[PDB]
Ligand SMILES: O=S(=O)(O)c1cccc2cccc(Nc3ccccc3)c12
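Here you get one chain, nothing else, as structure tokens; it is the form deposited without the ligand.
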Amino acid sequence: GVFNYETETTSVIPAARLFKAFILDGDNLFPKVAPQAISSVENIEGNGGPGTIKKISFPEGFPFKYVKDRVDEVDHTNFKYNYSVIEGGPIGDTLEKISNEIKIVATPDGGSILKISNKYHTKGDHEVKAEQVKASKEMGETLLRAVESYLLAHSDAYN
């Protein structure tokens, strides 16, 4: 029916600060920290709440130029942020709909832990290969990896 993948990551940066930048600055921080993944991100409708649509652009040399993204619901109190896409380059009506969920948690034992889950939906005639998911998993870590470097970049600032 549907494939469900879950990944776990840890970051010394606090979830409160990473949540605001990851959410409020997730559109700019995304490309700013990793411009090689998305050339630019635009918000079609919504202001970060549920039912918000955001357009994602991609640099030349990729499979699709841009992809449509939709947000399911974001909980500021639970620092939980999930989003799904209905229209994508390699995705049609439902050949490979992707729905990922993001959760941020703060912990004085090892900083804040991020939890990202990936879900693949296929009409049925087409199936998804596990290897294809592995490649997407690495990209997901590259997104949070560039964000962590952004927080450490402040140290390079004079003050």
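Counting begins at 1, following the sequence as shown.
Another form exists, solved in complex with the ligand; not displayed. Remarks below refer to it.
Although the partner is absent here, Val133 lies within 4.5 Å of the ligand in the entry with it bound, judged by heavy atoms. The closest heavy atom approach of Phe79 to the ligand in the entry with it bound falls outside 4.5 Å. Residue contact with the ligand in the entry with it bound: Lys137 places a heavy atom within 4.5 Å of it. The closest heavy atom approach of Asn118 to the ligand in the entry with it bound falls within 4.5 Å. Using a 4.5 Å heavy atom cutoff, none of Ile13, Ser112 and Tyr150 lies near the ligand in the entry with it bound. Residues of 1-18 placing a heavy atom within 4.5 Å of the ligand in the entry with it bound, in sequence order: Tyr5, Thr7, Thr9.
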